[PDB]
Undergrad: 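This is the structure I have questions about; it appears just below.
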Protein chains: 2
Amino acid sequence: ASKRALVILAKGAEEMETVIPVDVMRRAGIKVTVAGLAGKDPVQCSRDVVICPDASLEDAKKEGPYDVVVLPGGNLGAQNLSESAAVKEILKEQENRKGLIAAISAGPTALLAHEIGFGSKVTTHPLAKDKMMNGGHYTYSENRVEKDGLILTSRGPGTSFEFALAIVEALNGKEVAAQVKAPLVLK
Amino acid sequence: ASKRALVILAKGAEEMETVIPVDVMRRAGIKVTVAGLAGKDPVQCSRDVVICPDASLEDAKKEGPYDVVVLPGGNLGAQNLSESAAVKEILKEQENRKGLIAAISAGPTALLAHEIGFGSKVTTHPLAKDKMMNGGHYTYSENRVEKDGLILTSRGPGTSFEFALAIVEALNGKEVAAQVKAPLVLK
Ligand SMILES: [Cl-]
Ligand SMILES: [Cl-]
């Protein structure tokens, strides 16, 4: 049976960090739900790309659980994720069931907000390091993609392919990830 | 005065190849119009990401000319671009005024359809080479980004950052492109 991903899309999300993992996951045959934090309406991302979600988060969360919960970054997107009690419950549920949780750039700061995966090695965008590290609850990594325990993290738009393909490797295995990689014309 | 980009968005467009250049161009302070080929309504891209355009192409073309006309790829997106008389006229106008024309993956095959920039060195997605080369009207390149005459081309999702930053260098110069690059966390 196909693996399922939930991608939580908030106003101010980094659109590249949203679209790259959605697209690459779908290339891997993962069933991806782009879920609007605020409802079903279109979401204005950080650089003004407007994306129509597949479903509201309210609805999508009723179709859980998912094999991965994905948090794109963008500073204001991550702030919105961090403020959401719905996100908090989704992430706590995922952690409790030992499911993959994946977050990129500023997205990992929502893990901090919701007290998820403390004691894990994490990376973030370099500009989000100090936020993420407030309290010393995680160990920092400068790896382009990091994985420790349940928590898969990555740094920025420029690491989004590596992040997505890591998610694919975790869910569908290394061979699938390599087959999806080739037609992308990555370096 | 700010440079202006027109990005033509057709059903079946590769969403990564649309969003990466839009986002990176806006980071460079370029004023970008995402123009819907079919009108103002949301566009279903190749991997089912749904993007709401800024304007219809019909409207956006009245606000020309632009410093760059950008054609994302995706096989079916490029086919739709190739069939459009509106695209044909936009591209012919741009060529006539010696403006930059930029196309990625399958997107360059619309240049072939519309007889634009014959005799230029071009690259495409490897799977779009034979289409592009039908007739021998261009010279093929395996460079990740290629530029010859008016025509800037690139290969795939994985070359989209390099493509976008080439557009930025052409419009706003190398220093701007380097400053936009750093916060992306590219390899
Ligand atoms: Cl940001
Ligand atoms: Cl395609």
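Note that these values count all heavy atoms, side chains included, but never hydrogens, waters or copies made by symmetry. Labels below follow one simple rule: chain letters A, B, ... track the order of the sequence lines, proteins then strands, and each chain is numbered from 1.
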Undergrad: Counting heavy-atom pairs under 4.5 Å to chain B, which of A/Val19, A/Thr18, A/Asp48 comes out on top?
TA: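 Option with the greatest count: A/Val19.
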Undergrad: Quick check on the interface: out of B/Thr159, B/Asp23, B/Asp54, B/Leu186, who has the most heavy-atom pairs with chain A under 4.5 Å?
TA: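 Between B/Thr159, B/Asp23, B/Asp54, B/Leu186, the count favours B/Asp23.
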Undergrad: Shorter than 4.5 Å, heavy atoms on both sides: which option in A/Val32, A/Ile51, A/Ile20 has the most such pairs with chain B?
TA: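 Option with the greatest count: A/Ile20.
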Undergrad: Looking at every non-hydrogen atom in both residues, tell me the closest pair between A/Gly39 and A/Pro53 and how far apart they are.
TA: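 Residues A/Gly39 and A/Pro53, closest heavy atoms: O-CG, 4.1 Å.
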Undergrad: Is A/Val49 in contact with chain B via its backbone, its side chain, both, or neither, using a 4.5 Å heavy-atom distance?
TA: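 A/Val49 touches chain B through backbone and side-chain heavy atoms alike.
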Undergrad: Hey, is NZ on B/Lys92 packed in by over 12 heavy atoms from elsewhere, all under 6.0 Å?
TA: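 For B/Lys92, atom NZ is crowded (more than 12 foreign heavy atoms under 6.0 Å).
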Undergrad: Holding to side chain to side chain donor-acceptor pair (under 3.5 Å), I want the full list of residues that pass it with B/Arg4, two or more places apart in sequence or in another chain.
TA: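 Here no residue qualifies.
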Undergrad: So for A/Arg26, is it side chain, backbone, both, or neither that comes closer than 4.5 Å to the heavy atoms of chain B?
TA: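 Just its side chain gets close to chain B.
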Undergrad: As an exercise: rank A/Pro42, A/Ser154, A/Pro183, A/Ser46 by heavy-atom pairs under 4.5 Å with chain B and give me the winner.
TA: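 Looking at each option in turn, the highest pair count goes to A/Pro183.
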Undergrad: Among residues 118-148 of chain A, which ones touch chain B with a heavy-atom distance under 4.5 Å?
TA: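 Answer by number: A/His125, A/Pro126, A/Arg144.
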Undergrad: Salt bridge or not between A/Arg27 and B/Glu15? Use side-chain N to carboxylate O under 4.0 Å.
TA: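 Salt bridge: no.
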Undergrad: When you measure from the side chain of B/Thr33 to the backbone N and O of B/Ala35, does any donor-acceptor pair fall under 3.5 Å?
TA: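 Between the backbone of B/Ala35 and the side chain of B/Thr33 there is no qualifying donor-acceptor contact (under 3.5 Å).
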Undergrad: Should B/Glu83 and B/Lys11 count as an ion pair when the cut-off is N to O under 4.0 Å?
TA: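 Looking at B/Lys11 together with B/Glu83, the answer is no, because their closest N to O distance does not fall below 4.0 Å.
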Undergrad: Heavy-atom distances under 4.5 Å only: say whether B/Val22 touches chain A with side chain, backbone, both or neither.
TA: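 The side chain, not the backbone.
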Undergrad: Strictly distance-based, threshold 3.5 Å: is any side-chain N or O of A/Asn172 a donor or acceptor partner for the main-chain N or O of A/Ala28?
TA: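 Checked: pair present.
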Undergrad: Under the side chain to side chain donor-acceptor pair (under 3.5 Å) rule, collect the residues that match up with A/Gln94, sequence neighbours excluded.
TA: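 A/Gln94 satisfies side chain to side chain donor-acceptor pair (under 3.5 Å) with A/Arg97 only.
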Undergrad: Walk me through it: do A/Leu91 and A/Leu71 pass the test side-chain contact (heavy atoms from CB on, under 4.5 Å)?
TA: CA-CA 10 Å; A/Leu91 291 172; A/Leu71 309 185; 4.2 Å; yes
Undergrad: Would you mind checking which part of B/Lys187 comes under 4.5 Å of any heavy atom in chain A, side chain (CB onward), backbone (N, CA, C, O), both or neither?
TA: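 Both the backbone and the side chain of B/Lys187 come within 4.5 Å of chain A.
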Undergrad: With sequence neighbours left out, write down each residue that passes side chain to side chain donor-acceptor pair (under 3.5 Å) with A/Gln79, or none if nothing qualifies.
TA: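 Expected list: none.
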